[PDB]
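This is what each chain is made of:
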Amino acid sequence: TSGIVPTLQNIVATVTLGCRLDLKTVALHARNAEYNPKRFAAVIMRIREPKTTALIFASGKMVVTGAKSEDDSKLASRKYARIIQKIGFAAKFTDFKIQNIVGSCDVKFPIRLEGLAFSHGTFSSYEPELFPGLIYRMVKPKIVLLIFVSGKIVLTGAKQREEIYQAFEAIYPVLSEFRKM
DNA sequence: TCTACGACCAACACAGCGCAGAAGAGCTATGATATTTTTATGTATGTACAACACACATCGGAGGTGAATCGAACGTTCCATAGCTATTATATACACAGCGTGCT
């Protein structure tokens, strides 16, 4: 067991609004709406109360990023869809699928990263020239982990909570064995 | 008037003519020779042919080269496809570039 549970910091989800959207009008009429078709083929909006960000496409496909919890992402998608209703489009809410749940935690001890890369070499790839963190790719569940010398752990690539939590619980014994000073 | 010159006589002897023999002038006949006739005999001529050997223009094969003609490599363009590029949120942490400031 571990005395600390990871805390989430970003949830990436998608919603199908089910209607063709004219990105020209939603940029002009919505308040915080940025449309640069040369730079990107979507309109970026963000609203203050969930601190999220919606990438809205012409086909009606939607991306919600920046949420802390699944209910927060659901509420953010609800309010962005309500904005699209108030702007003059028939954007029926159809589905809501959360793809990414990245959460960070701290084991509060220094880690010997080279020894961990040497021991669990089939799942790890340490290249401190490029990035100062170790990339651990767990096979079950499919969660990737960024491991650092300060003990900070970044778990990325979860669909719901019961992957990142058990990923941390499985990665804790193989990091408790590596301690510096 | 008369003196040169011619008649006249004798002797004779040497020229002159009869006679016979020679001889040769001129005609006549016959053989040899050169001249013309005839023919005949070989030669020349226009034009054609053929046989044969050599030489030469003409046709044809061997070789060389410009003009013409072939492939082959390559650049370019298009159809379709797939793979990539770009954003955003977020924790984490380190390395480098760039800019505001200030005080040495």
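Conventions adopted
- Residues numbered from 1 in each chain as written, not as in the entry; some residues may be left out.
- Chains lettered and ligands numbered in written order.
- Part of a larger assembly, values for the part shown.
- Heavy atoms only, no water.
- Domains from an automatic or database assignment.
- Contact = heavy atoms within 4.5 Å.
- Buried area = accessible area lost by both parts, 1.4 Å probe.
- Salt bridge = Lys/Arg side-chain N within 4 Å of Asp/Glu carboxyl O.
- Near = heavy atom within 4 Å.
- Polar contact = N/O pair within 3.5 Å; in protein donor to acceptor, adjacent residues only side chain to side chain.
- Helix = DSSP H or I, 4+ residues; strand = E, 2+ residues; numbered from the N terminus.
- Nonpolar A, V, L, I, M, F, W, Y, C, P; charged D, E, K, R; others polar.
- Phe/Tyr/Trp six-rings, centres within 6.5 Å; stacked < 30°, edge-to-face > 60°.
- Buried < 20%, exposed > 50% of the residue type's maximum accessible area, 1.4 Å probe, protein only.
- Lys NZ or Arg CZ within 6 Å of the ring centre and 35° of its normal.

- Its PDB record attributes the structure to cryo-EM, giving the resolution as 3.1 Å.

### Things to note about the domain arrangement of chain A
Then, in step 1: Domain annotation of chain A identifies domain 1 (1-12 + 99-181) and domain 2 (13-98).
Then, in step 2: Relative placement of domain 1 and domain 2: their C-alpha centres are 32 Å apart.
Then, in step 3: At the junction of the two partners, domain 1 supplies ten residues and domain 2 supplies 13 residues.
Then, in step 4: When the two sides are added together, the surface that domain 1 and domain 2 hide from each other amounts to roughly 900 Å², 48% of it contributed by carbon and sulfur.
Then, in step 5: By the criterion of area lost to domain 2, the three top residues of domain 1 are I11, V12 and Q99, representing 58% of everything that side buries.
Then, in step 6: The interface formed by domain 1 and domain 2 holds one salt bridge in total.
Then, in step 7: The partner of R161 in a salt bridge is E70, and the shortest N-O contact between them spans 2.8 Å.

### Considering unusual backbone geometry
Then, in step 1: Across the junction of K140 and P141, the peptide omega takes the value 0 degrees, indicating a cis bond.
Then, in step 2: Phi angles above zero are rare outside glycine, and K108 is one such case at about 65 degrees.

### Re the protein's contact with DNA strand B
Then, in step 1: Around DNA strand B there are 19 residues in total, and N10, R39, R46, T65 and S150 lie nearest to it.
Then, in step 2: When atoms of DNA strand B within 4 Å of the protein are split into backbone and base, the sugar-phosphate part holds 73%.
Then, in step 3: The contact in question runs from a phosphate oxygen of DNA strand B to an N or O atom on the side chain of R39, over 2.8 Å.
Then, in step 4: The contact in question runs from a phosphate oxygen of DNA strand B to an N or O atom on the side chain of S150, over 2.5 Å.
Then, in step 5: Secondary structure elements with two or more residues in the surface near DNA strand B: β1 (7-16), β4 (53-56), β5 (61-67), β6 (96-106) and β10 (152-156).
Then, in step 6: If you tally residues by element for the surface near DNA strand B, the top one is β1, at three residues.
Then, in step 7: When grouped by side-chain class, the residues that make up the surface near DNA strand B number nine nonpolar, seven polar and three charged.

### Details of the packing of aromatic side chains
Then, in step 1: In the structure shown here, the tally under the stated rule is five aromatic pairs.
Then, in step 2: Here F40 and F57 contribute two aromatic rings whose centre-to-centre distance is 5.9 Å and whose plane-to-plane angle is 75 degrees, an arrangement assigned as edge-to-face. In this pair, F40 sits in the loop between β2 (33-35) and β3 (43-45) while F57 sits in the loop between β4 and β5, placing the two residues 17 residues apart along the sequence.
Then, in step 3: What makes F57 partly exposed here is its relative accessible area of 23%.
Then, in step 4: A network of ring pairs unites the aromatic residues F109, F168 and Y172 as a single cluster.
Then, in step 5: The ring centre of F93 lies 4.2 Å from the NZ or CZ of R78, which sits over that ring.

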